[PDB]
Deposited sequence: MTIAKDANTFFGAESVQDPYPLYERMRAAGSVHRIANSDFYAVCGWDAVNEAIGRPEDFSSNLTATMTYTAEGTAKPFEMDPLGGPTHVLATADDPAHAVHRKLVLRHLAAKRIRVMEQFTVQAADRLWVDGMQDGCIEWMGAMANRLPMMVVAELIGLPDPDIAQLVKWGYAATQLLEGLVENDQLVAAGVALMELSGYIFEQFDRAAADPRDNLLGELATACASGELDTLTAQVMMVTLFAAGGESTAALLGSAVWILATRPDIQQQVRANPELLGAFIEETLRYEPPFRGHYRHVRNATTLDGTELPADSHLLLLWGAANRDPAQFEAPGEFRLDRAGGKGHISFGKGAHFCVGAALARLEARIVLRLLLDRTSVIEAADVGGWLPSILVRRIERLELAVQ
C-alpha cells in the first residue's frame, strides 16, 4: 500500500495520506482489507446518521503485520454484551449515555471547573522549573486523567499510575506499538480493571454522589449489569482522559511552533476559544472511530459489503475542500465548525468538559508566560485512532 495507514510517515503526519485517499472518493477501501476509510464530510455525516446500518460495536480494529499488510484484529462480534457506551447500539446505548450524562450536567461541570483550576495550578508549580517544562508528562498527560478519576469518584489517586492506566487501552486495541509496550499496556489495563472492580464493590455498599455510586444504584434496580457498569468506567479513561490530553498537547505544540499564531492569541486573548476550536479542527485528538457494516449497502455512492468496517476519519472530514475554504491552513477567523466530537446519537458527552479543561489550562499557560518556544518535540503515538504527541519540552520566559 502506497496509502498505508501505518509506518513512520503516517504516524508523524497522516494528512497527506487522507488527501490521497480522497482522490479515490469520499469512501475508499483500505488496500484489499475489509476496512473503508471515510474521508468526506458529507460521507461521515451520513454514516453517523445511520446507526442501524453502521453499528458502533467494535467487532474489529485494523492492524498491520511486520510485513506491513493490513489485517483485521477481531474482537467481540456484532450484538455482544462487551459493547458499552461509546461502542453500544440502542437500546443499551441510550441507557449508558443517560447515566453518564448525569455526571456531566451543568452543576457537575461547575464543580469540575474548581477542581481543574486547583489541579492545573499544582501541576504547573511542580512541573515548571528554571523556565523549562516537559508539557506532556507534567501537565497534559496528568490533568485529564485526574478529571476522569474525579468524575468516577476514585479516592486520592496515584497520578503516575493513572497516566499509565489511562493510555493502556488504545495501545492494546491496535497492537501497533512494540511487543514490550504491549505487554506493559496489558499489565496496566489489568491493574486499572482490578482497581475499578475494587472501588465498585465498595460503592455498592455505600453509594456516594459520583459515577461509581450512580452505577451501583442503577445495577441494584436492574437497569444494567454489574460487569457492564465496571467496563463502562474503564473505557472513560481513553474516552475522556487520553483525548483531552491529546488536545492539550497539540494546542501547545502549535503555540510553540507557530509564533505568529501565539502572538495573535496573546494580543487578542478573546481568540483563545477560536484557537481551541481550530486546534480541534486541524489536529483532532481522534484520527478516527470504527463502525461495523451490518448489511451490504452504499455510503455516499460507494458500495460496501456486509460485515465490512468503516474508519470515520474526523480529521479528513474537517479538511474536506467541498466544505472548508483553505482546509490545510490554520486560521483564527473561521465562522461549519468541525466534526471532532462526532455528531448525532453518539455525539461526545464530554465536549463541554474538554473545552473547559483546554480553556483553563491554556489560559494558565498564556497568563503566566510572555513567550513559549519548543525546545524539543518528540514523536506521535503510533496509532491509527489517536493523534497524541508523546513528549514536548518547552522553554518559557
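Q: Provide the list of deposited-sequence positions lacking C-alpha coordinates, grouped into contiguous ranges.
A: Unmodelled stretches, in sequence order: 1-5, 341-342.
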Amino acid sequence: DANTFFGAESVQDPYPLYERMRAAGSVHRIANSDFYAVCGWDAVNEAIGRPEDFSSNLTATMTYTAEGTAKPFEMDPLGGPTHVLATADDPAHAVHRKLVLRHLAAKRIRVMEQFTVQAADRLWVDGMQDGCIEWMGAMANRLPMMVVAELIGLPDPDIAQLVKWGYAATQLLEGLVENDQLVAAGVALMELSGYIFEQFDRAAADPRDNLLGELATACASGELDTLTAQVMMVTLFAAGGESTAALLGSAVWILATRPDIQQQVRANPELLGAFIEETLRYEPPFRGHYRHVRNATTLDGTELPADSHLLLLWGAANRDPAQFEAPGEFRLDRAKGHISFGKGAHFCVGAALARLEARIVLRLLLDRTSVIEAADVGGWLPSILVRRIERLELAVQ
From here on, numbers count along this sequence of modelled residues.
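Q: Comparing 107-115 with 273-281, where is the mean C-alpha B-factor higher?
A: Mean B over CA atoms: larger for 107-115.
Q: Mean C-alpha B-factor higher for 125-133, or for 293-301?
A: Per the deposited B-factors, the answer is 125-133.
Q: Which of these, 249, 155, 321, 288, has its C-alpha atom at the highest B-factor, as the entry lists it?
A: Answer, based on the entry's C-alpha B-factors: 155.
Q: Sorting 29, 343, 336, 359 by Cα temperature factor from the record, which one lands on top?
A: Checking the PDB record, the top C-alpha B-factor among 29, 343, 336, 359 is at 336.
Q: If you rank the chain by CA B-factor, which third does residue 96 end up in: lowest, middle or highest?
A: Lowest third - that is where residue 96 ends up once the chain's C-alpha B-factors are sorted.
Q: According to the PDB entry, is the CA B factor of residue 21 in the bottom, middle or top third of its chain, that is, lowest, middle or highest?
A: Lowest third.
Q: State the tercile, meaning the lowest, middle or highest third, of residue 58 with respect to the CA B-factors recorded for its chain.
A: It belongs to the middle third of the chain when residues are ordered by C-alpha B-factor.
Q: If you rank every modelled residue in this chain by C-alpha B factor, which third holds residue 75: lowest, middle or highest?
A: Highest third - that is where residue 75 ends up once the chain's C-alpha B-factors are sorted.
Q: Test of reading the entry: by CA B factor among the chain's modelled residues, which third contains residue 352?
A: Its C-alpha B-factor belongs to the lowest third of this chain's values.
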